[PDB]
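Chemist: Just passing along the structure, written as structure tokens.
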Amino acid sequence: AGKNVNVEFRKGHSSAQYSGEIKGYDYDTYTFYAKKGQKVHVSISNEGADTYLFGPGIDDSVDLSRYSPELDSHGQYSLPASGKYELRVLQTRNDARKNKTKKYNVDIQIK
């Protein structure tokens with residue numbers, strides 16, 4: 001299926017970049033540990049690839065994509081709890097069902 005990757009930042013830096021490609025129902029998971037109140041910002045090159053956040057203090061998931069109402073004016077989301085979070089990159093059920101593919105570059109920033 002999709003891949004599961006542990007997010008690692010270069011020491012002293014606050015973002016990492018990854019590339020992937022999801023097909024059909026495959027979704028990629030970028031896992032990270034962070035502290036309550038730290039802010040996450042995710043940008044992705046392909047808007048056909050949804051970007052949802054799962055983790056502690058989150059009911060279901062939070063839409064982190066650029067037009068999501070969950071973000072502030074800086075495109076950031078404040079983590080509600082400390083612990084292990086998952087950023088999932090996936091397609092819509094429609095595109096999944098139609099066996100489409102999404103090639104993407106994702107940037108994950110945590111401050």
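Residues in the structure tokens are named by chain (A, B, ... in the order shown) and by number from 1 within that chain; ligands are numbered from 1 in the order shown.
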Please produce, as JSON lines, a per-residue contact table for region 60-107 of chain A versus region 3-21 of chain A (criterion: any atom at most 9 Å away, only C-alpha atoms considered), showing the nearest atom pair and its distance in Å to one decimal, sorted by chain then residue number.
Modeler:
```
{"residue": "A:101", "atom": "CA", "partner": "A:21", "partner_atom": "CA", "distance": 6.9}
{"residue": "A:102", "atom": "CA", "partner": "A:21", "partner_atom": "CA", "distance": 5.4}
{"residue": "A:103", "atom": "CA", "partner": "A:21", "partner_atom": "CA", "distance": 4.1}
{"residue": "A:104", "atom": "CA", "partner": "A:20", "partner_atom": "CA", "distance": 5.5}
{"residue": "A:105", "atom": "CA", "partner": "A:19", "partner_atom": "CA", "distance": 4.4}
{"residue": "A:106", "atom": "CA", "partner": "A:18", "partner_atom": "CA", "distance": 5.3}
{"residue": "A:107", "atom": "CA", "partner": "A:17", "partner_atom": "CA", "distance": 4.5}
```
Chemist: Residues of the last selection are to be written out with N, CA, C and O atoms, as an mmCIF file, in the first residue's frame.
Modeler:
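Result file result-v1.cif:
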```
data_model
loop_
_atom_site.group_PDB
_atom_site.id
_atom_site.type_symbol
_atom_site.label_atom_id
_atom_site.label_comp_id
_atom_site.auth_asym_id
_atom_site.auth_seq_id
_atom_site.Cartn_x
_atom_site.Cartn_y
_atom_site.Cartn_z
ATOM 1 N N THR A 101 -3.894 8.458 -9.646
ATOM 2 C CA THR A 101 -2.610 8.585 -8.984
ATOM 3 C C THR A 101 -2.355 10.051 -8.647
ATOM 4 O O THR A 101 -2.724 10.942 -9.415
ATOM 5 N N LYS A 102 -1.734 10.299 -7.497
ATOM 6 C CA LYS A 102 -1.281 11.647 -7.142
ATOM 7 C C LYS A 102 0.208 11.647 -6.819
ATOM 8 O O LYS A 102 0.625 11.120 -5.781
ATOM 9 N N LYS A 103 1.010 12.233 -7.706
ATOM 10 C CA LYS A 103 2.410 12.517 -7.382
ATOM 11 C C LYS A 103 2.497 13.834 -6.618
ATOM 12 O O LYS A 103 1.853 14.815 -6.988
ATOM 13 N N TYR A 104 3.294 13.875 -5.558
ATOM 14 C CA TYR A 104 3.311 15.080 -4.727
ATOM 15 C C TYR A 104 4.654 15.356 -4.065
ATOM 16 O O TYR A 104 5.473 14.460 -3.877
ATOM 17 N N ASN A 105 4.859 16.629 -3.747
ATOM 18 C CA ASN A 105 5.908 17.078 -2.852
ATOM 19 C C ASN A 105 5.237 17.728 -1.651
ATOM 20 O O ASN A 105 4.451 18.677 -1.798
ATOM 21 N N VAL A 106 5.538 17.233 -0.461
ATOM 22 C CA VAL A 106 4.933 17.800 0.738
ATOM 23 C C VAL A 106 6.002 18.486 1.596
ATOM 24 O O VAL A 106 7.147 18.026 1.675
ATOM 25 N N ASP A 107 5.635 19.613 2.189
ATOM 26 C CA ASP A 107 6.500 20.279 3.144
ATOM 27 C C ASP A 107 5.796 20.307 4.491
ATOM 28 O O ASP A 107 4.673 20.799 4.608
#
```
Chemist: Determine, counting only C-alpha atoms, which protein, DNA and RNA residues have an atom within 7 Å of an atom of residue 84 (chain A); residues of the same chain fewer than 6 positions away are not included. Present the result as a list in words.
Modeler: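 Final neighbour list, sorted by chain and number: residues 32, 33, 34, 55 and 56 of chain A.
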Chemist: Could those selected residues go to a file with C-alpha atoms, as a tab-separated table (two decimals), in the first residue's frame?
Modeler:
```tsv
chain	number	residue	atom	x	y	z
A	32	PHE	CA	5.85	12.99	14.23
A	33	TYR	CA	6.05	13.76	17.93
A	34	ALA	CA	5.25	17.28	19.08
A	55	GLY	CA	-3.41	12.43	16.79
A	56	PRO	CA	-3.94	13.09	20.50
```
Chemist: So what do you get for CA of residue 83 (chain A) versus CA of residue 54 (chain A), distance-wise?
Modeler: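 Distance reported for this atom pair: 11.0 Å.
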Chemist: Ranking A:78, A:45, A:93, A:86 by minimum distance to residue 66 (chain A) and counting only C-alpha atoms, which one comes first?
Modeler: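 The shortest atom-to-atom distance to residue 66 (chain A) comes from A:45.
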Chemist: Among chain A, which ones does DSSP place in strand (DSSP E), written as number ranges by chain?
Modeler: A: 4-6, 15-23, 28-34, 39-44, 50-54, 62-63, 77-78, 83-90, 101-110
Chemist: Which residue is closest to residue 28 (chain A)? Choose from A:44, A:64, A:49, A:89 and count only C-alpha atoms.
Modeler: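 Closest candidate: A:89.
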